[PDB]
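Here is how names work: the chains are called A, B, and so on, in the same order as the sequence lines, proteins then strands, and each is numbered from 1. No hydrogens, no waters, no symmetry mates; every other heavy atom, side chains included, goes into these values.
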Amino acid sequence: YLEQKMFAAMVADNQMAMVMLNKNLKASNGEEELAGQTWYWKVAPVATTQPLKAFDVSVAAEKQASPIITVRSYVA
Amino acid sequence: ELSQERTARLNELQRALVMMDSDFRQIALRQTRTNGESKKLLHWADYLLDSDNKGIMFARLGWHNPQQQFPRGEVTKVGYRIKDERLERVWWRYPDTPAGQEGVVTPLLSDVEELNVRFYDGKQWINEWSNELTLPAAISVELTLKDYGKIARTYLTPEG
Amino acid sequence: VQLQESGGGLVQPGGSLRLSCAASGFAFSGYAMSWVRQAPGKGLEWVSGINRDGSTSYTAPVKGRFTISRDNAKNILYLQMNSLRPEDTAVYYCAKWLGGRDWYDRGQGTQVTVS
Ligand SMILES: [Cl-]
């Protein structure tokens, strides 16, 4: 079963890197083809308790389903 | 029984990916030479390093060298290719000389058909990298496995 | 062993000699192959190389004098050495080729001598 765990983590890492390429940091969502399967991801800004930035990258195996991994990342 | 094989397959993929992480995350800002018949930061072309398809080669910055001991980090040349449907890492330990040197070819991942790499300039993913002066903002290494198909991994480059 | 060399020995200066390399245990025809030598008092040095398609490459001090070739039927790499000088006296190794002047999976080698 841990195929899903590994591949979802890989997609999460890829999207975390893509949001790091940019500042506006809006709540986006999309799809990524990996390991012969479709993965549905969402990046969601997380307000912090201080000035000078956070976001959650989550990935799911199905379209409207609950994510199998969610990772928080800090920037700025 | 087959499940042990597939569990091992995922471990094999992780060994490969973590090896790629240690190179592509530690890309050195140094131009390397292809001593055949020129000089770039990132080398990327068909049949490079005698690959069956695409081949990549670049400079790497190593810090935790077990053999040698320079605190500031040793710069060495590294590369990737496909040979006999295996992803193979090629490593050059010593500097470039008209004598030549013994390359260290290490197979990382079995049953890999194709190697493909795309470069992110800052706004868009492109197929080549002609800029020899500066690195691309991001690099996406895509491996086409016989069993799992296309798997891709993105790497952010340090700037300089 | 994957690469075993044959046809070494002593020859009078100006003589000819044909080194051979028995390939085994891998898809020889799809590999770029090379010859590498170690003269006494020097490190290992790249001599010549042949691509999978047939294209060849030579070092200046042996060009138009040595000739690299391959037989994909029997999986054998050859090195026709002509006009052999004393400076060529070295241990000649057969190896897989990375392009440029870099090699890997080096064979055991054969001694070629002249003075
Ligand atoms: Cl390291």
Side-chain angles (χ1 to χ4, degrees), chain B residues 32-40 43 45 47-51 55 57 59 76-79 81 83 88-106, chain C residues 2-8 17-23 26 28 30-70 76-114:
Chain B
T32 51
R33 209 170 289 189
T34 181
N35 203 335
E37 192 174 20
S38 174
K39 173 152 57 65
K40 308 171 71 205
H43 299 263
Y47 316 118
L48 200 77
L49 312 181
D50 194 33
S51 189
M57 186 179 74
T76 52
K77 187 158 68 183
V78 297
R81 67 166 189 165
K83 204 73 181 179
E88 304 191 337
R89 176 169 183 265
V90 186
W91 192 46
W92 292 257
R93 287 161 292 186
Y94 315 107
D96 281 309
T97 305
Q101 64 184 318
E102 180 194 296
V104 184
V105 178
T106 312
Chain C
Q2 292 197 328
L3 292 170
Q4 189 64 74
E5 298 87 331
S6 280
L17 182 50
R18 187 213 211 187
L19 304 177
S20 177
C21 182
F26 68 97
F28 184 79
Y31 278 72
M33 295 286 294
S34 62
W35 283 95
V36 184
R37 77 187 175 182
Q38 181 171 36
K42 303 186 181 300
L44 224 80
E45 296 181 359
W46 183 87
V47 176
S48 173
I50 190 165
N51 203 19
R52 76 188 301 168
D53 52 35
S55 290
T56 61
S57 192
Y58 300 87
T59 324
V62 303
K63 187 168 184 63
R65 199 156 60 73
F66 293 179
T67 290
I68 197 176
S69 68
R70 72 192 297 158
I76 303 191
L77 189 79
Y78 298 94
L79 186 53
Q80 186 60 41
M81 309 171 69
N82 294 340
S83 317
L84 283 161
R85 305 174 183 281
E87 301 142 323
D88 301 318
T89 293
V91 186
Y92 283 77
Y93 307 87
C94 165
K96 302 178 201 176
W97 191 32
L98 287 165
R101 286 202 171 80
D102 303 319
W103 64 92
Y104 69 103
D105 294 349
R106 187 191 65 188
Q108 305 302 332
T110 190
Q111 178 59 41
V112 173
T113 306
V114 55

If you measure from [atom1] on [X] to [atom2] on [Y], what distance do you get to the nearest 0.5 Å?
X: C:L17; Y: C:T110; atom1: CG; atom2: OG1; result: 8.0 Å
X: B:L49; Y: B:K83; atom1: CG; atom2: NZ; result: 10.0 Å
X: C:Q4; Y: C:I76; atom1: CD; atom2: CD1; result: 12.0 Å
X: C:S6; Y: C:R18; atom1: OG; atom2: CZ; result: 11.0 Å
X: C:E45; Y: C:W103; atom1: CD; atom2: CH2; result: 8.0 Å
X: B:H43; Y: B:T32; atom1: NE2; atom2: OG1; result: 3.0 Å

query = Run the side chain to side chain contact (heavy atoms under 4.5 Å, CB included) check on C:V47 and C:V62 step by step: do they pass?
reply = CA-CA 7 Å; C:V47 176; C:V62 303; 4.2 Å; yes
Side chain [X], main chain [Y], donor-acceptor under 3.5 Å:
X: C:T89; Y: C:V114; result: yes
X: C:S48; Y: C:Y58; result: no
X: C:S34; Y: C:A95; result: yes
X: C:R101; Y: C:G49; result: no
X: B:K77; Y: B:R33; result: yes
X: B:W92; Y: B:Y94; result: no

inquiry  = Under the criterion side chain to side chain contact (heavy atoms under 4.5 Å, CB included), I'd like the reasoning laid out for B:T106 against B:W91: C-alpha separation, chi angles, the key distance, then a yes or no.
reply    = CA-CA 8 Å; B:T106 312; B:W91 192 46; over 6 Å; no
Report yes if some heavy atom in the side chain of [X] is under 4.5 Å from a heavy atom in the side chain of [Y]; otherwise report no.
X: C:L84; Y: C:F66; value: yes
X: C:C94; Y: C:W35; value: yes
X: C:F28; Y: C:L77; value: yes
X: C:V112; Y: C:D88; value: no
X: B:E102; Y: C:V36; value: no
X: C:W46; Y: C:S57; value: yes
X: C:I68; Y: C:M33; value: no
X: C:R106; Y: C:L44; value: yes

Looking at [X] and [Y], what are the two nearest heavy atoms and their distance?
X: C:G109; Y: C:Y93; value: CA-CD2, 3.8 Å
X: B:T76; Y: B:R93; value: CG2-O, 3.8 Å
X: B:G100; Y: C:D102; value: CA-OD1, 3.7 Å

query = Only one of C:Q38, C:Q111, C:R37 forms a side chain to side chain donor-acceptor pair (under 3.5 Å) with C:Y92, so which one is it?
reply = C:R37
ask   = Does a sphere of radius 6.0 Å around CD in C:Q108 hold more than 12 heavy atoms from other residues, nucleotides or ligands, not counting ones at 6.0 Å or beyond?
value = no
key: Heavy atoms from other residues, nucleotides or ligands near CZ of C:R85 exceed 12 (cutoff 6.0 Å)   = no
Pair C:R52 + B:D50, salt bridge at N-O below 4.0 Å = no
key: Passing candidate, side chain to side chain contact (heavy atoms under 4.5 Å, CB included) with C:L98, options B:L48, B:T34, B:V90   = B:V90
request  = Report the C-alpha distance between B:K39 and B:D96 in whole Å, list the side-chain angles of each, state the deciding distance to 0.1 Å, and finish with yes or no for salt bridge (charged side-chain N to carboxylate O under 4.0 Å, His left out).
outcome  = CA-CA 12 Å; B:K39 173 152 57 65; B:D96 281 309; over 6 Å; no
ask   = Which class fits the ring pair C:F26 and C:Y31: parallel under 30°, tilted 30 to 60°, perpendicular over 60°?
value = perpendicular
